[PDB]
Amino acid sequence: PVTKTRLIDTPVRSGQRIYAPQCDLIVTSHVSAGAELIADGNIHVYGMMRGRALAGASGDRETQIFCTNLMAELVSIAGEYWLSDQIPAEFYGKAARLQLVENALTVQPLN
């Protein structure tokens, strides 16, 4: 337990919940469907992201979500959230980078 970033190089399986209190969260493996990722900082997912990522849970709007395989059910920064359908189909299964610009979700490729 530290403010150090929470690194996890083991997949997060369906039904599990990972909470990084006041630090970034890093998942170097695959995130399953029922898997829920939440952190007050940033969220990095370096595998199949099939679950849920809630970044800036405490209200940090300058935080972002970085994925290599964006297949998420729900992706949230601060309070503003997107469901799988709101995610542009252009990115399903590719590398993506979600951040808040005005007061809304934005997605880029991070190439």
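A residue's number is simply how far along the shown sequence it sits, counting from 1.
Per-stretch averaging of Cα B factors for 82-90 and 69-77 places 82-90 on top. Per the PDB record, residue ranking by Cα B-factor puts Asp24 in the lowest third of the chain. Among all modelled residues in its chain, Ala95 ranks in the lowest third by Cα B-factor. In this PDB entry, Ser58 carries a Cα temperature factor that places it within the highest third of its chain's modelled residues.
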